[PDB]
Ligand SMILES: C=CCCN1C(=O)[C@@H](C)N(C2CCOCC2)c2nc(Nc3ccc(C(=O)NC4CCN(C)CC4)cc3OC)ccc21
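Residue numbers (PDB author numbering): 1521 to 1648.
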């Protein structure tokens, strides 16, 4: 009915909270960075992204499939390599946040693939 996206965004939020925010030493990427303590971030990094704004984006039902969801989560690893270098421990930790979020999205792959058809057929049909 009208629970397709509510369910979808529920499964995503649980990935963030119980598989990504649980990566060891993912302390830094949980919240947005304060610009008074990092004097260059918000102008070297044009598109900031943290896991708190991803959840607040999830609760707004913004991700209608993993492609738009993976876009945002891939951006915090792209942001740490563009600010800390590809070999920094921060970047290495962001690589594992992205990694745990990839096995988990294909560990629930089929079941997720069906919700994506359901949500969009509703948006297809609503137009036609
Ligand atoms: C989107 C994700 C952005 C992820 N991200 C980055 O991508 C970049 C911007 N960083 C950098 C900033 C520069 O340091 C390397 C990490 C982040 N920093 C922090 N925050 C802190 C880092 C280190 C310390 C510290 O060690 N404190 C010291 C303790 C000991 N006393 C004597 C001195 C202070 C504290 C932090 O918050 C309070 C948070 C996030 C980042």
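All residues carry an ideal CB built from backbone N, CA and C; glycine is no exception.
With contacts defined as CB atoms closer than 7 Å, residue 1533 and residue 1639 fail to qualify as a contacting pair. Around the C-beta of residue 1583, 16 or more other C-beta atoms lie within 10 Å, and the residue is accordingly described as buried. Measuring C-alpha to C-alpha distances from residue 1628 to each of 1535, 1541, 1578 identifies 1535 as the nearest. When only Cα atoms are considered, residue 1596 and residue 1568 end up about 7 Å apart.
Proximity of the beta carbon of residue 1596 to ligand 1 is indicated: a heavy atom of the ligand is located closer than 6 Å. Secondary structure note for residue 1577: its alpha helix (DSSP H) is the uninterrupted segment 1571-1578. Excluding residues up to 5 positions away in sequence, 1597, 1600, 1601, 1604, 1605 lie with their Cβ nearer than 8 Å to the Cβ of residue 1611 in the same chain. Pairing residue 1556 with residue 1624 gives a Cβ-Cβ distance that is not under 7 Å. DSSP, read as helix, strand or coil, puts residue 1564 in helix. Short of 8 Å from the beta carbon of residue 1527, and not among the five residues preceding or following it, lie these beta carbons of its own chain, in chain order: 1635. With respect to the C-alpha of residue 1609, the residue from 1641, 1546, 1570, 1593 having the closest C-alpha is 1546.
Shortest gap from the CB of residue 1561 to any heavy atom of ligand 1: under 6 Å.
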